[PDB]
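Okay, so here's just one chain, in structure tokens, the form solved without this ligand.
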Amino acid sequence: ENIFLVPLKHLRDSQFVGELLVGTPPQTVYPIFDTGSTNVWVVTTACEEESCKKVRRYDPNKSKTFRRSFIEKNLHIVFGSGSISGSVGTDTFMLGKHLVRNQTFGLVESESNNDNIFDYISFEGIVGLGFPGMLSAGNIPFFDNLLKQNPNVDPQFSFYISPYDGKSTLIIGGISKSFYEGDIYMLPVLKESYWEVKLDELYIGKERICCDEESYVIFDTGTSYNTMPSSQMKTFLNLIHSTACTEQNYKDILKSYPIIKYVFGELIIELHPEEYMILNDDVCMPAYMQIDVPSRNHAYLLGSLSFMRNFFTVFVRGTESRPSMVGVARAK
């Protein structure tokens, strides 16, 4: 079909960046591809923080096709511990040789100096891939606009994450058994804002910690760590502690620690210790954090390095003839 591939680079932390061209003649940026948001942000030459001067900065004055917005302004977003601010504009984008004209985006003009998250990462922008309901500026999100202008591309994208060999890639318009084995298990999206599906049960080893009431998983490629709500996290940290992981005993800990099982009807997503434990300098720490999502507080995030390396994930946008779905398959 019209399927095409966008190579992905893992820099540090977890977030995955790909090549995006902006403007005429094209300027190159390497934004995060984020299923947890919907806007496009691009770091520009108006940002004079040192955390901005160190990265590639888009210059809107060098783009023939850039049109600054007169009526939309003062776009501001919290960015983890940090925050970004800027203005609104429109330009032509290119992703994997596919053109996207008249695309509205945020121009970063200021990054917080809070430690300071922008010092730990190499941030050049964000391509949001969530649903239209989270769009802040402009009247059409990036992926929606690309599909409108490339109508033979099927409305879906998938992430193949293989950081051990630099072979990670974002696939648009379809899927391939080059990246997965077994069946694809389709999970219906319940609410079209985040890619959010029903979670039936969650086990830590043999201990069921969920669910007696409707609960949710959000597939968020912009998060590094998987999450649990407050109550389950107290259970988790009583069951799973940081531990010495030296050359002598780390394989022992990876075999011994419990498997975490997410149950979605027939699909069981299993995370082994090698997935959710982070080895750093002779110590293993569990890669889970406490996140409580308002309406909710029954939402669990699944994101990047730990989970997506072992599971090929397919994001199927609903159309006039099908609902939105998340497909999960065993990676490789």
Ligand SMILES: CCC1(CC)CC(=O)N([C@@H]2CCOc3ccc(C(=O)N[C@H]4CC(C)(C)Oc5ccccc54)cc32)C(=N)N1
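For the two forms, the rigid core is made up of the largest set of C-alpha atoms that agree within 1.5 Å on superposition. Each residue number is its position in the shown sequence, starting from 1.
- The entry models residue 295 and residue 296 with a gap of 1 to 3 deposited residues left without coordinates.
- According to the entry, the deposited sequence has no residues without coordinates between residue 230 and residue 231, so the chain runs continuously there.
- Judged by mean Cα B factor in the deposited record, 161-169 ranks above the other of 255-263 and 161-169.
- Stretches compared: 45-53, 287-295. Higher mean C-alpha B-factor in the entry: 287-295.
- In this entry, the residue among 189, 218, 77, 204 with the greatest C-alpha B factor is 77.
- Ranking 94, 126, 147, 71 by Cα temperature factor from the entry places 71 first.
- Annotation for residue 323: C-alpha temperature factor in the lowest third relative to the rest of the modelled chain, per the entry.
- Among the modelled residues of the chain, residue 269 sits in the middle third by CA temperature factor in this PDB entry.
- Sorting the modelled residues of the chain by their CA temperature factor places residue 304 in the highest third.
- When all modelled residues of the chain are sorted by CA temperature factor, residue 234 is found within the highest third.
- Among all modelled residues in its chain, residue 179 ranks in the lowest third by Cα B-factor.
Missing here is the form deposited with this ligand bound; even so, the following discussion is about that form.
- At the 4.5 Å threshold, heavy atoms of residue 278 stay clear of this ligand in the deposited complex, well away from it.
- With a 4.5 Å cutoff on heavy atoms, residue 289 counts as touching this ligand in the deposited complex.
- In the deposited complex, this ligand stays beyond 4.5 Å of every heavy atom belonging to residue 243.
- Although the partner is absent from this view, residue 37 contacts this ligand in the deposited complex, with a non-hydrogen atom inside 4.5 angstroms.
- Put simply, of 121, 211, 254, 189 only one has a heavy atom within 4.5 Å of this ligand in the deposited complex, and it is 121.
- This chain appears without its partner; in the deposited complex, the one residue of 77, 94, 233, 135 with a heavy atom within 4.5 Å of this ligand is 77.
- Proximity to this ligand in the deposited complex, taken as heavy atoms within 4.5 Å, picks out 218-226 from the listed stretches 172-180, 202-210, 243-251, 218-226.
- Taken together, the three residues 15, 32 and 301 all come within 4.5 Å of this ligand in the deposited complex, as judged by their closest heavy atom.
- Following superposition on the rigid core between this form and the one not shown, the residue from 246, 178, 193, 149 with a C-alpha displacement of 2 angstroms or more is 246, and no other.
- Residue 81 shows a C-alpha shift of 2 Å or greater between this form and the one not shown [criterion: core-superposed Cα displacement of 2 Å].
- For residue 165, the Cα coordinates differ by under 2 angstroms between this form and the one not shown after the core has been superposed.
- Comparing the forms between this form and the one not shown, the C-alpha position of residue 15 differs by 2 angstroms or more, with the core used for superposition.
- Relative to what is shown, residue 260 and residue 13 are farther apart in the deposited complex; their C-alpha atoms differ in spacing by at least 3 Å.
- A shift of at least 3 angstroms brings the Cα atoms of residue 311 and residue 247 nearer to each other in the deposited complex than in the displayed structure.
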